[PDB]
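Take a look at the structure set out below.
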Amino acid sequence: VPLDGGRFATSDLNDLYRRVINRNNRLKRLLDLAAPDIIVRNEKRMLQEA
Amino acid sequence: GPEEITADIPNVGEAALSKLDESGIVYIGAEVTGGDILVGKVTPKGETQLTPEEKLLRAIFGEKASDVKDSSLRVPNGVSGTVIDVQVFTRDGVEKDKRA
Amino acid sequence: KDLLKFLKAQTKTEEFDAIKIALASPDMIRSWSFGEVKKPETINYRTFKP
Amino acid sequence: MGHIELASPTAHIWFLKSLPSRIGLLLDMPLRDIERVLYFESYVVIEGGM
Amino acid sequence: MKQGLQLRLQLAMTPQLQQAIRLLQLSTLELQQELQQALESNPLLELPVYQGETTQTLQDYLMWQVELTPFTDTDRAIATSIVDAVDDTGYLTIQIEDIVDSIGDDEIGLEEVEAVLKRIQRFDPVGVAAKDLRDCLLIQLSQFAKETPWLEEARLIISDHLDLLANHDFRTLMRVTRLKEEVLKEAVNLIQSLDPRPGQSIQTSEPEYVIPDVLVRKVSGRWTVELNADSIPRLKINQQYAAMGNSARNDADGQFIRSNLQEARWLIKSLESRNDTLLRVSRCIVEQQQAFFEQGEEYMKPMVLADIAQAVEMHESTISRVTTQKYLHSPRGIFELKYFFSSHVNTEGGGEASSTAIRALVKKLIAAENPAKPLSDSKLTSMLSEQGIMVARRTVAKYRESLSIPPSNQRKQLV
DNA sequence: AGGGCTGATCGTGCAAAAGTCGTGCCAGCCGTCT
DNA sequence: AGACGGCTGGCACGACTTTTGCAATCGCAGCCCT
């Protein structure tokens, strides 16, 4: 549903979905290097939350 | 490409253009009925190649090359009338000022 | 495709009777989905494509 | 429709969070206890008879 | 004394700032693409429907009529295939033979394809599926009644005399077609209004696409230029991991996390400094623009990489990478940084600079010469002599091609 | 208590090759024209 | 009707620009073994 002529703005139509994909990718990058416990747990908690 | 107000809508009838002046600004004071174009703008598009079909087209007719599409403004549907006054906002940086 | 039934194959409806509702496990989540998501970008503004 | 890999598990935050604590019903997980646990916030024993 | 070169005045390079410059010369759209693809692993580096209305898109509007038109399964398939490879202008993309091959029916022949196309040639609009448009304008005129005069002259011209009008060769056209003097132009004009690319007419709508990266608003003379704040990338240091490192029992592992974080902080600060150096460079450029842009591209001095890098301490490579693929929205609008520089010349304006909008408005005046014929390069030279700035006919042809003007003996038209 | 000692540091701009343009200017041409 | 011409562009050569593509030493001192 583009608004300004420029930007589409499927806000939460993907902003939730997009944030989800983004954190998912970040995780796939991080814990594969034997993630630090604090970071990994906080991230997974945010993941469940999101 | 910049869309331009020239009333030069391609594939258009003169009577539609007839109420339009050189600007596309239709002469002030006319009646309106139906949905004819009030502001005559065109959207520039990307250029054509050698394009033997389009080459032969621009050889036959030319001056258009489909370079722009009729990108014009008209009277609202079922809403008609005659004007009493008008307005326009030219941002600084362009100095067209056609019927303006 | 003979282009007569391929056009014709678009439209048909079934009995669909006795609509049920029950839970679901992720294997069929892979099955129903024609794919799984990987990136949080949706389209371009540089070319405006998927 | 698409899918996603989802290595980080995803129970229905729907599940067991309504009046029927379904998971609290199945694992007998006490709602306070299960609640503390899922925030990755308990490190509760899982099994272990020795 | 005895001159020459004499010994006087090493280590290891790394592509660090080099990759950074690779980013900067790369455009901020894909540059942010990498910036995301970069910050991903660096863990310390930070309705659904609305209006939801469908449209015709023309070809489906043609299909709408085809559905109401009587057609067979093979006829529907041929018409649909014809519709599939259709251009925006409304001309046929593939030839009849390619359509026959696509149908893949030996029963399907070129004649059946032509009959199907013709039954669908003028349904909506006239001149659809032009198929190397020429007979398309012919069908359009045929749609018009013969009561219109000079229809015969226009028809004979369009029959096999497209070339004579292609070069605007009115004398050769009259000598060939034996067309009437001062009257054949009437057939030419009736042909001129023939709805070319009539399918292009349906297409009219677009959304906006240009990214204001920097903004100079001409704030009280000598514009207050400012970049786009949201467009400027920035990371957030993992303060949690910053506090998750030292106390880590592996104080080595956590302090190494701290060290990598500090290095990335250096990287981000360097990028911001790159932005700020581009910004002060933009300040100089905007000082230039308060006259140039305010006087427009016509009164614009050609600048050089040397010239700008001199005003800064930035290296010539530094700037040369810095601005690559950069555009800013100004009071004029969104303008590219790569557009900023221009080659200088030997004009007798007392100096060396670039043609630009001078060349464009020169094309404008050369066209503004009697609409009978385009102004030749001598006209440009005289116009420049009036301008008091030296310009040459080879230079004129150059600047005209820069303005992409039509040739002198190609743009001659009946007044 | 001495040796070895070894890889632990930490940078970046400009050059060299390339390209690439200004600028015009000769060859063919078209206009037409006397 | 044939040389006129004005143009235009290929042609080439300088004039300017221009990116890319390099690769530790001086110490250190910690380690490790002996």
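Naming works like this for the structure tokens: A, B, ... for the chains as they're shown, residue 1 at the start of each chain, ligands 1 onward in shown order.
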
Quiz item: Near segment 17-25 of chain A, within 9 Å and counting only C-alpha atoms (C1' of nucleotides), which residues show up once chain neighbours fewer than 2 positions away are dropped, as a VMD selection string?
Solution: (chain A and resid 12 to 15 27 to 30 43 46 to 47 50) or (chain C and resid 37 to 42) or (chain D and resid 4 to 8) or (chain E and resid 40 to 41)

Residues as selected, N, CA and C atoms, written as a PDB file, in the first residue's frame, can you do that?
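To be explicit, this is the file written out as selection-v7.pdb:
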ATOM      1  N   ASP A  12       4.039  -3.375   9.470  1.00  0.00           N
ATOM      2  CA  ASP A  12       3.614  -4.549  10.215  1.00  0.00           C
ATOM      3  C   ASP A  12       2.925  -5.552   9.298  1.00  0.00           C
ATOM      4  N   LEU A  13       2.591  -5.145   8.071  1.00  0.00           N
ATOM      5  CA  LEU A  13       2.116  -6.129   7.114  1.00  0.00           C
ATOM      6  C   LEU A  13       3.363  -6.920   6.808  1.00  0.00           C
ATOM      7  N   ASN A  14       4.479  -6.213   6.925  1.00  0.00           N
ATOM      8  CA  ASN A  14       5.776  -6.832   6.997  1.00  0.00           C
ATOM      9  C   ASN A  14       6.669  -6.269   8.081  1.00  0.00           C
ATOM     10  N   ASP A  15       6.434  -5.047   8.576  1.00  0.00           N
ATOM     11  CA  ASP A  15       7.372  -4.488   9.551  1.00  0.00           C
ATOM     12  C   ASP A  15       7.605  -5.470  10.680  1.00  0.00           C
ATOM     13  N   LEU A  27      20.655 -13.856  13.687  1.00  0.00           N
ATOM     14  CA  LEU A  27      20.933 -15.055  14.459  1.00  0.00           C
ATOM     15  C   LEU A  27      21.705 -16.067  13.631  1.00  0.00           C
ATOM     16  N   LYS A  28      21.238 -16.332  12.410  1.00  0.00           N
ATOM     17  CA  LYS A  28      21.912 -17.313  11.572  1.00  0.00           C
ATOM     18  C   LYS A  28      23.365 -16.929  11.361  1.00  0.00           C
ATOM     19  N   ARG A  29      23.659 -15.635  11.437  1.00  0.00           N
ATOM     20  CA  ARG A  29      25.038 -15.174  11.415  1.00  0.00           C
ATOM     21  C   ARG A  29      25.746 -15.392  12.744  1.00  0.00           C
ATOM     22  N   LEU A  30      25.047 -15.226  13.861  1.00  0.00           N
ATOM     23  CA  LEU A  30      25.761 -15.095  15.125  1.00  0.00           C
ATOM     24  C   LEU A  30      26.033 -16.419  15.833  1.00  0.00           C
ATOM     25  N   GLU A  43      18.875 -12.376  22.535  1.00  0.00           N
ATOM     26  CA  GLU A  43      18.357 -12.363  21.174  1.00  0.00           C
ATOM     27  C   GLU A  43      17.217 -13.352  21.003  1.00  0.00           C
ATOM     28  N   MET A  46      14.152 -11.961  22.602  1.00  0.00           N
ATOM     29  CA  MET A  46      13.546 -10.999  21.698  1.00  0.00           C
ATOM     30  C   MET A  46      12.846 -11.710  20.556  1.00  0.00           C
ATOM     31  N   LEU A  47      13.402 -12.834  20.115  1.00  0.00           N
ATOM     32  CA  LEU A  47      12.815 -13.572  19.005  1.00  0.00           C
ATOM     33  C   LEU A  47      11.454 -14.129  19.372  1.00  0.00           C
ATOM     34  N   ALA A  50       9.057 -11.202  19.615  1.00  0.00           N
ATOM     35  CA  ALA A  50       8.625 -10.610  18.358  1.00  0.00           C
ATOM     36  C   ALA A  50       7.706 -11.544  17.590  1.00  0.00           C
TER      37      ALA A  50
ATOM     38  N   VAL C  37      10.983 -18.363   4.018  1.00  0.00           N
ATOM     39  CA  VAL C  37      11.473 -16.990   3.902  1.00  0.00           C
ATOM     40  C   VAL C  37      12.915 -16.897   4.382  1.00  0.00           C
ATOM     41  N   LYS C  38      13.675 -15.975   3.769  1.00  0.00           N
ATOM     42  CA  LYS C  38      15.073 -15.757   4.120  1.00  0.00           C
ATOM     43  C   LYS C  38      15.505 -14.295   4.235  1.00  0.00           C
ATOM     44  N   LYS C  39      14.870 -13.354   3.527  1.00  0.00           N
ATOM     45  CA  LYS C  39      15.365 -11.979   3.604  1.00  0.00           C
ATOM     46  C   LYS C  39      14.246 -10.995   3.944  1.00  0.00           C
ATOM     47  N   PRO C  40      14.559  -9.893   4.634  1.00  0.00           N
ATOM     48  CA  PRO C  40      13.517  -8.947   5.072  1.00  0.00           C
ATOM     49  C   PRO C  40      13.241  -7.799   4.104  1.00  0.00           C
ATOM     50  N   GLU C  41      13.931  -7.740   2.969  1.00  0.00           N
ATOM     51  CA  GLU C  41      13.588  -6.782   1.926  1.00  0.00           C
ATOM     52  C   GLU C  41      12.442  -7.324   1.086  1.00  0.00           C
ATOM     53  N   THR C  42      11.554  -6.431   0.651  1.00  0.00           N
ATOM     54  CA  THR C  42      10.366  -6.800  -0.106  1.00  0.00           C
ATOM     55  C   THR C  42      10.478  -6.473  -1.587  1.00  0.00           C
TER      56      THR C  42
ATOM     57  N   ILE D   4       9.467 -20.211   6.670  1.00  0.00           N
ATOM     58  CA  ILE D   4      10.735 -19.733   7.215  1.00  0.00           C
ATOM     59  C   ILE D   4      11.382 -20.874   7.994  1.00  0.00           C
ATOM     60  N   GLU D   5      12.710 -20.827   8.142  1.00  0.00           N
ATOM     61  CA  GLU D   5      13.430 -21.949   8.748  1.00  0.00           C
ATOM     62  C   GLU D   5      13.044 -22.154  10.214  1.00  0.00           C
ATOM     63  N   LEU D   6      13.155 -21.102  11.028  1.00  0.00           N
ATOM     64  CA  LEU D   6      12.702 -21.075  12.428  1.00  0.00           C
ATOM     65  C   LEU D   6      13.376 -22.138  13.304  1.00  0.00           C
ATOM     66  N   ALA D   7      14.704 -22.049  13.391  1.00  0.00           N
ATOM     67  CA  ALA D   7      15.441 -22.895  14.323  1.00  0.00           C
ATOM     68  C   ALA D   7      15.093 -22.566  15.770  1.00  0.00           C
ATOM     69  N   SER D   8      15.003 -21.286  16.096  1.00  0.00           N
ATOM     70  CA  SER D   8      14.481 -20.933  17.402  1.00  0.00           C
ATOM     71  C   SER D   8      13.028 -21.373  17.469  1.00  0.00           C
TER      72      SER D   8
ATOM     73  N   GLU E  40      25.176  -7.469   9.864  1.00  0.00           N
ATOM     74  CA  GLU E  40      24.496  -8.682  10.328  1.00  0.00           C
ATOM     75  C   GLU E  40      25.347  -9.476  11.319  1.00  0.00           C
ATOM     76  N   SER E  41      26.575  -9.824  10.932  1.00  0.00           N
ATOM     77  CA  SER E  41      27.408 -10.641  11.807  1.00  0.00           C
ATOM     78  C   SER E  41      27.999  -9.810  12.933  1.00  0.00           C
TER      79      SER E  41
END

For residue 320 of chain E: contacts at 12 Å, only C-alpha atoms (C1' of nucleotides), fewer than 3 positions along chain excluded, given as a PDB file with N, CA, C and O atoms (P, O5', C5', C4', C3', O3' and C1' of nucleotides), in the first residue's frame:
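Output contents, as saved in result_12.pdb:
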ATOM      1  N   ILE E  21      35.887   2.977   0.756  1.00  0.00           N
ATOM      2  CA  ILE E  21      35.730   3.809  -0.429  1.00  0.00           C
ATOM      3  C   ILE E  21      34.958   3.059  -1.499  1.00  0.00           C
ATOM      4  O   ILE E  21      34.236   3.659  -2.300  1.00  0.00           O
ATOM      5  N   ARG E  22      35.124   1.737  -1.547  1.00  0.00           N
ATOM      6  CA  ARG E  22      34.292   0.928  -2.424  1.00  0.00           C
ATOM      7  C   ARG E  22      32.826   1.131  -2.089  1.00  0.00           C
ATOM      8  O   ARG E  22      31.980   1.237  -2.982  1.00  0.00           O
ATOM      9  N   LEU E  24      31.579   3.895  -0.562  1.00  0.00           N
ATOM     10  CA  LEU E  24      31.187   5.279  -0.813  1.00  0.00           C
ATOM     11  C   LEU E  24      30.977   5.544  -2.297  1.00  0.00           C
ATOM     12  O   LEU E  24      30.001   6.193  -2.690  1.00  0.00           O
ATOM     13  N   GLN E  25      31.886   5.052  -3.141  1.00  0.00           N
ATOM     14  CA  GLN E  25      31.706   5.189  -4.581  1.00  0.00           C
ATOM     15  C   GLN E  25      30.480   4.418  -5.041  1.00  0.00           C
ATOM     16  O   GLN E  25      29.800   4.823  -5.991  1.00  0.00           O
ATOM     17  N   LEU E  26      30.192   3.301  -4.381  1.00  0.00           N
ATOM     18  CA  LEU E  26      28.931   2.612  -4.592  1.00  0.00           C
ATOM     19  C   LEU E  26      27.772   3.462  -4.077  1.00  0.00           C
ATOM     20  O   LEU E  26      27.927   4.253  -3.142  1.00  0.00           O
ATOM     21  N   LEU E 278      32.411  14.842   3.032  1.00  0.00           N
ATOM     22  CA  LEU E 278      31.503  15.087   1.923  1.00  0.00           C
ATOM     23  C   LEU E 278      30.620  16.288   2.221  1.00  0.00           C
ATOM     24  O   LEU E 278      30.269  17.044   1.318  1.00  0.00           O
ATOM     25  N   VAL E 281      32.646  19.528   1.895  1.00  0.00           N
ATOM     26  CA  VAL E 281      32.771  19.652   0.450  1.00  0.00           C
ATOM     27  C   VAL E 281      31.465  20.151  -0.136  1.00  0.00           C
ATOM     28  O   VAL E 281      31.449  20.982  -1.049  1.00  0.00           O
ATOM     29  N   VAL E 304      36.684  21.087 -11.499  1.00  0.00           N
ATOM     30  CA  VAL E 304      37.489  19.888 -11.682  1.00  0.00           C
ATOM     31  C   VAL E 304      37.723  19.216 -10.338  1.00  0.00           C
ATOM     32  O   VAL E 304      37.600  19.830  -9.276  1.00  0.00           O
ATOM     33  N   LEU E 305      38.083  17.934 -10.404  1.00  0.00           N
ATOM     34  CA  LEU E 305      38.415  17.203  -9.188  1.00  0.00           C
ATOM     35  C   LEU E 305      39.563  17.877  -8.457  1.00  0.00           C
ATOM     36  O   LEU E 305      39.556  17.974  -7.222  1.00  0.00           O
ATOM     37  N   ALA E 306      40.545  18.373  -9.207  1.00  0.00           N
ATOM     38  CA  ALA E 306      41.668  19.093  -8.631  1.00  0.00           C
ATOM     39  C   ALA E 306      41.164  20.325  -7.910  1.00  0.00           C
ATOM     40  O   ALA E 306      41.572  20.616  -6.781  1.00  0.00           O
ATOM     41  N   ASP E 307      40.247  21.044  -8.551  1.00  0.00           N
ATOM     42  CA  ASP E 307      39.784  22.307  -7.989  1.00  0.00           C
ATOM     43  C   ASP E 307      39.148  22.098  -6.627  1.00  0.00           C
ATOM     44  O   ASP E 307      39.472  22.793  -5.660  1.00  0.00           O
ATOM     45  N   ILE E 308      38.235  21.140  -6.533  1.00  0.00           N
ATOM     46  CA  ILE E 308      37.574  20.905  -5.264  1.00  0.00           C
ATOM     47  C   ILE E 308      38.507  20.297  -4.232  1.00  0.00           C
ATOM     48  O   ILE E 308      38.525  20.752  -3.082  1.00  0.00           O
ATOM     49  N   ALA E 309      39.293  19.288  -4.608  1.00  0.00           N
ATOM     50  CA  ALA E 309      40.174  18.669  -3.631  1.00  0.00           C
ATOM     51  C   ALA E 309      41.197  19.658  -3.100  1.00  0.00           C
ATOM     52  O   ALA E 309      41.715  19.470  -1.993  1.00  0.00           O
ATOM     53  N   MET E 314      41.084  16.683   1.494  1.00  0.00           N
ATOM     54  CA  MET E 314      40.746  15.366   0.992  1.00  0.00           C
ATOM     55  C   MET E 314      41.581  15.049  -0.239  1.00  0.00           C
ATOM     56  O   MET E 314      41.856  15.913  -1.077  1.00  0.00           O
ATOM     57  N   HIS E 315      41.984  13.788  -0.347  1.00  0.00           N
ATOM     58  CA  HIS E 315      42.729  13.370  -1.520  1.00  0.00           C
ATOM     59  C   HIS E 315      41.828  13.427  -2.743  1.00  0.00           C
ATOM     60  O   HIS E 315      40.597  13.369  -2.653  1.00  0.00           O
ATOM     61  N   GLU E 316      42.457  13.576  -3.905  1.00  0.00           N
ATOM     62  CA  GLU E 316      41.698  13.563  -5.152  1.00  0.00           C
ATOM     63  C   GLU E 316      41.026  12.216  -5.354  1.00  0.00           C
ATOM     64  O   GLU E 316      39.888  12.145  -5.824  1.00  0.00           O
ATOM     65  N   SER E 317      41.725  11.128  -5.028  1.00  0.00           N
ATOM     66  CA  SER E 317      41.048   9.840  -4.973  1.00  0.00           C
ATOM     67  C   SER E 317      39.993   9.840  -3.886  1.00  0.00           C
ATOM     68  O   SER E 317      38.930   9.234  -4.048  1.00  0.00           O
ATOM     69  N   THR E 323      32.124  11.030  -3.915  1.00  0.00           N
ATOM     70  CA  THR E 323      30.858  11.488  -4.484  1.00  0.00           C
ATOM     71  C   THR E 323      30.225  10.494  -5.458  1.00  0.00           C
ATOM     72  O   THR E 323      29.104  10.734  -5.922  1.00  0.00           O
ATOM     73  N   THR E 324      30.909   9.406  -5.798  1.00  0.00           N
ATOM     74  CA  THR E 324      30.429   8.549  -6.871  1.00  0.00           C
ATOM     75  C   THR E 324      29.066   7.965  -6.526  1.00  0.00           C
ATOM     76  O   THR E 324      28.876   7.346  -5.475  1.00  0.00           O
ATOM     77  N   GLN E 325      28.119   8.166  -7.440  1.00  0.00           N
ATOM     78  CA  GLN E 325      26.717   7.860  -7.198  1.00  0.00           C
ATOM     79  C   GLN E 325      26.206   8.631  -5.990  1.00  0.00           C
ATOM     80  O   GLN E 325      25.819   8.032  -4.983  1.00  0.00           O
ATOM     81  N   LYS E 326      26.215   9.960  -6.073  1.00  0.00           N
ATOM     82  CA  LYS E 326      25.643  10.810  -5.036  1.00  0.00           C
ATOM     83  C   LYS E 326      24.725  11.840  -5.673  1.00  0.00           C
ATOM     84  O   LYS E 326      25.042  12.405  -6.722  1.00  0.00           O
ATOM     85  N   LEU E 337      25.581  14.391  -7.614  1.00  0.00           N
ATOM     86  CA  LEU E 337      26.903  14.941  -7.359  1.00  0.00           C
ATOM     87  C   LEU E 337      27.839  14.703  -8.532  1.00  0.00           C
ATOM     88  O   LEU E 337      28.628  15.587  -8.882  1.00  0.00           O
ATOM     89  N   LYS E 338      27.753  13.536  -9.165  1.00  0.00           N
ATOM     90  CA  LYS E 338      28.588  13.246 -10.323  1.00  0.00           C
ATOM     91  C   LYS E 338      28.326  14.274 -11.410  1.00  0.00           C
ATOM     92  O   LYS E 338      29.182  14.525 -12.263  1.00  0.00           O
ATOM     93  N   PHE E 340      28.181  17.340 -10.841  1.00  0.00           N
ATOM     94  CA  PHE E 340      28.705  18.631 -10.402  1.00  0.00           C
ATOM     95  C   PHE E 340      29.821  19.148 -11.313  1.00  0.00           C
ATOM     96  O   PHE E 340      29.841  20.331 -11.678  1.00  0.00           O
ATOM     97  N   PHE E 341      30.762  18.286 -11.680  1.00  0.00           N
ATOM     98  CA  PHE E 341      31.943  18.725 -12.423  1.00  0.00           C
ATOM     99  C   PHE E 341      31.639  18.892 -13.908  1.00  0.00           C
ATOM    100  O   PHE E 341      30.629  18.385 -14.405  1.00  0.00           O
TER     101      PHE E 341
ATOM    102  P    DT G  17      42.881  17.575 -14.310  1.00  0.00           P
ATOM    103  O5'  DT G  17      42.039  16.229 -14.429  1.00  0.00           O
ATOM    104  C5'  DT G  17      40.815  16.230 -15.139  1.00  0.00           C
ATOM    105  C4'  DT G  17      40.192  14.857 -15.124  1.00  0.00           C
ATOM    106  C3'  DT G  17      40.208  14.170 -13.764  1.00  0.00           C
ATOM    107  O3'  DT G  17      38.987  13.489 -13.558  1.00  0.00           O
ATOM    108  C1'  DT G  17      41.283  12.808 -15.348  1.00  0.00           C
ATOM    109  P    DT G  18      38.536  13.070 -12.076  1.00  0.00           P
ATOM    110  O5'  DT G  18      38.241  11.504 -12.196  1.00  0.00           O
ATOM    111  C5'  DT G  18      38.546  10.817 -13.400  1.00  0.00           C
ATOM    112  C4'  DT G  18      39.218   9.493 -13.098  1.00  0.00           C
ATOM    113  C3'  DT G  18      39.576   9.278 -11.616  1.00  0.00           C
ATOM    114  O3'  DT G  18      39.131   7.999 -11.174  1.00  0.00           O
ATOM    115  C1'  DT G  18      41.437   8.850 -12.985  1.00  0.00           C
ATOM    116  P    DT G  19      38.395   7.842  -9.753  1.00  0.00           P
ATOM    117  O5'  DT G  19      38.074   6.284  -9.663  1.00  0.00           O
ATOM    118  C5'  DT G  19      37.935   5.534 -10.849  1.00  0.00           C
ATOM    119  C4'  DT G  19      38.919   4.381 -10.897  1.00  0.00           C
ATOM    120  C3'  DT G  19      38.989   3.495  -9.669  1.00  0.00           C
ATOM    121  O3'  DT G  19      39.444   2.252 -10.112  1.00  0.00           O
ATOM    122  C1'  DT G  19      41.061   4.392  -9.984  1.00  0.00           C
TER     123       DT G  19
END

Exercise. Would you please give, as a PyMOL selection string, all residues of segment 168-351 of chain E that DSSP assigns to strand (DSSP E) based on the backbone?
Key: chain E and resi 214-216+225-227+327-329+334-336

For the residues in the current selection, export N, CA and C atoms as a compact mmCIF listing (two decimals), in the first residue's frame.
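This is the output file out.txt:
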# COMPACT_ATOMS: atom_id res chain seq x y z
N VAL E 214 20.89 15.04 0.44
CA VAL E 214 21.28 16.28 1.08
C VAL E 214 20.28 17.35 0.68
N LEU E 215 20.12 18.33 1.56
CA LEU E 215 19.12 19.37 1.38
C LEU E 215 19.73 20.74 1.65
N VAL E 216 19.81 21.53 0.58
CA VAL E 216 20.19 22.93 0.65
C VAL E 216 18.95 23.70 0.24
N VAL E 225 22.79 23.99 3.47
CA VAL E 225 22.76 22.62 3.00
C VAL E 225 22.74 21.69 4.19
N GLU E 226 21.99 20.62 4.08
CA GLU E 226 21.99 19.60 5.11
C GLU E 226 21.67 18.26 4.49
N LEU E 227 22.36 17.23 4.96
CA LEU E 227 22.08 15.91 4.43
C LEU E 227 20.73 15.41 4.93
N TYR E 327 23.57 12.05 -5.05
CA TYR E 327 22.57 13.00 -5.51
C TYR E 327 21.91 13.68 -4.32
N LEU E 328 21.68 14.98 -4.43
CA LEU E 328 21.07 15.76 -3.37
C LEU E 328 19.88 16.54 -3.91
N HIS E 329 18.82 16.64 -3.11
CA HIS E 329 17.67 17.46 -3.48
C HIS E 329 17.87 18.88 -2.99
N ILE E 334 16.29 17.34 -6.76
CA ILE E 334 17.26 16.26 -6.57
C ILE E 334 18.27 16.35 -7.70
N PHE E 335 19.54 16.53 -7.34
CA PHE E 335 20.62 16.69 -8.31
C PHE E 335 21.80 15.80 -7.93
N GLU E 336 22.37 15.16 -8.95
CA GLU E 336 23.47 14.22 -8.75
C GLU E 336 24.79 14.94 -8.53

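When only C-alpha atoms (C1' of nucleotides) are used to measure the gap to chain F, the shortest distance among E:376, E:318, E:51, E:354 belongs to E:318.
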
Contact table chain A vs chain E, cut-off 7 Å, shortest pair per residue, only C-alpha atoms, as CSV:
residue,atom,partner,partner_atom,distance
A:1,CA,E:50,CA,6.3
A:5,CA,E:207,CA,4.2
A:6,CA,E:208,CA,4.8
A:10,CA,E:48,CA,6.9
A:13,CA,E:48,CA,5.7
A:26,CA,E:40,CA,5.0
A:29,CA,E:41,CA,5.1
A:30,CA,E:41,CA,5.8
A:38,CA,E:244,CA,6.8
A:39,CA,E:241,CA,6.8

Output of the above residues as a short mmCIF file (atom, residue, chain, number, x, y, z; two decimals), in the first residue's frame, restricted to N, CA and C atoms:
data_model
loop_
_atom_site.label_atom_id
_atom_site.label_comp_id
_atom_site.auth_asym_id
_atom_site.auth_seq_id
_atom_site.Cartn_x
_atom_site.Cartn_y
_atom_site.Cartn_z
N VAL A 1 0.83 -1.22 0.00
CA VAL A 1 0.00 0.00 0.00
C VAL A 1 0.86 1.26 0.00
N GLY A 5 4.17 8.13 -3.07
CA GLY A 5 4.73 8.09 -4.40
C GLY A 5 6.06 7.37 -4.36
N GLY A 6 6.71 7.39 -3.19
CA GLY A 6 8.03 6.78 -3.07
C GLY A 6 8.03 5.42 -2.39
N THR A 10 4.19 -1.27 3.86
CA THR A 10 3.42 -2.37 4.45
C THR A 10 3.76 -2.51 5.92
N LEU A 13 2.59 -5.15 8.07
CA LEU A 13 2.12 -6.13 7.11
C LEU A 13 3.36 -6.92 6.81
N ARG A 26 20.21 -12.30 11.44
CA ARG A 26 21.26 -11.92 12.38
C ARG A 26 21.65 -13.10 13.24
N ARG A 29 23.66 -15.63 11.44
CA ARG A 29 25.04 -15.17 11.41
C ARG A 29 25.75 -15.39 12.74
N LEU A 30 25.05 -15.23 13.86
CA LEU A 30 25.76 -15.10 15.12
C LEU A 30 26.03 -16.42 15.83
N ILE A 38 25.05 -14.39 26.96
CA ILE A 38 24.21 -13.22 27.23
C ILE A 38 23.55 -12.76 25.95
N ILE A 39 24.35 -12.59 24.91
CA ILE A 39 23.83 -12.09 23.65
C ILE A 39 22.83 -13.08 23.07
#

List as a tab-separated table every residue of chain A that is in contact with chain D, defined as an atom at most 7 Å from one of its atoms (using only C-alpha atoms), together with the nearest atom pair and the distance in Å rounded to one decimal, sorted by chain and then rising number.
residue	atom	partner	partner_atom	distance
A:44	CA	D:8	CA	6.9
A:45	CA	D:39	CA	6.6
A:48	CA	D:10	CA	6.8

Practice problem: Please identify every residue of chain C that has at least one atom no more than 7 Å from any atom of chain E, counting only C-alpha atoms, and report them as a list in words. | Solution: residues 3, 4 and 45 of chain C

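Around segment 145-149 of chain E, within 10 Å and counting only C-alpha atoms (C1' of nucleotides), the residues found are residues 141, 142, 152, 153, 154, 186, 187 and 190 of chain E, once anything fewer than 3 positions away on its own chain is removed.
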
Exercise. With a cut-off of 10 Å and counting only C-alpha atoms, select all residues of chain E in contact with chain B and give the selection as an MDAnalysis selection string.
Key: chainID E and resid 88:89 91:93 130:134 136:137 157:158 161:168 188:189 191:206 293:296 330:333

Quiz prompt | Residue contacts of residue 35 of chain B (6 Å, only C-alpha atoms (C1' of nucleotides)) excluding same-chain residues fewer than 2 positions away, as an MDAnalysis selection string | solution = chainID B and resid 74:75 77

Produce a file of the selected residues containing N, CA, C and O atoms, as a PDB file, in the first residue's frame.
ATOM      1  N   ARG B  74      -8.290  16.277 -15.838  1.00  0.00           N
ATOM      2  CA  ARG B  74      -9.606  16.493 -16.428  1.00  0.00           C
ATOM      3  C   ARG B  74     -10.634  16.941 -15.389  1.00  0.00           C
ATOM      4  O   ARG B  74     -10.328  17.069 -14.201  1.00  0.00           O
ATOM      5  N   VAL B  75     -11.854  17.195 -15.856  1.00  0.00           N
ATOM      6  CA  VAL B  75     -12.955  17.596 -14.967  1.00  0.00           C
ATOM      7  C   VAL B  75     -13.459  16.377 -14.202  1.00  0.00           C
ATOM      8  O   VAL B  75     -13.546  15.280 -14.780  1.00  0.00           O
ATOM      9  N   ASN B  77     -15.755  13.499 -12.678  1.00  0.00           N
ATOM     10  CA  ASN B  77     -16.879  12.831 -13.301  1.00  0.00           C
ATOM     11  C   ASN B  77     -18.183  13.308 -12.687  1.00  0.00           C
ATOM     12  O   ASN B  77     -18.272  13.583 -11.489  1.00  0.00           O
TER      13      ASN B  77
END

Quiz item: Interatomic distance between atom CA of residue 67 of chain E and atom CA of residue 144 of chain E?
Solution: 26.0 Å

Quiz item: If we count only C-alpha atoms (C1' of nucleotides), what is near residue 24 of chain B at a cut-off of 6 Å, once residues fewer than 6 positions away on the same chain are taken out, given as a list in words?
Solution: residues 5, 6, 7, 39 and 40 of chain B

Practice problem: Excluding residue 81 of chain B and residues on its chain fewer than 6 positions from it, collect all residues at most 7 Å away from it, counting only C-alpha atoms (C1' of nucleotides), and give them as a ChimeraX atom specification. | Solution: /B:31-33

Resulting file, chosen residues, C-alpha atoms, as an mmCIF file, in the first residue's frame:
data_model
loop_
_atom_site.group_PDB
_atom_site.id
_atom_site.type_symbol
_atom_site.label_atom_id
_atom_site.label_comp_id
_atom_site.auth_asym_id
_atom_site.auth_seq_id
_atom_site.Cartn_x
_atom_site.Cartn_y
_atom_site.Cartn_z
ATOM 1 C CA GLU B 31 -18.195 25.722 -19.349
ATOM 2 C CA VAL B 32 -17.506 22.159 -18.307
ATOM 3 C CA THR B 33 -19.557 19.059 -19.084
#
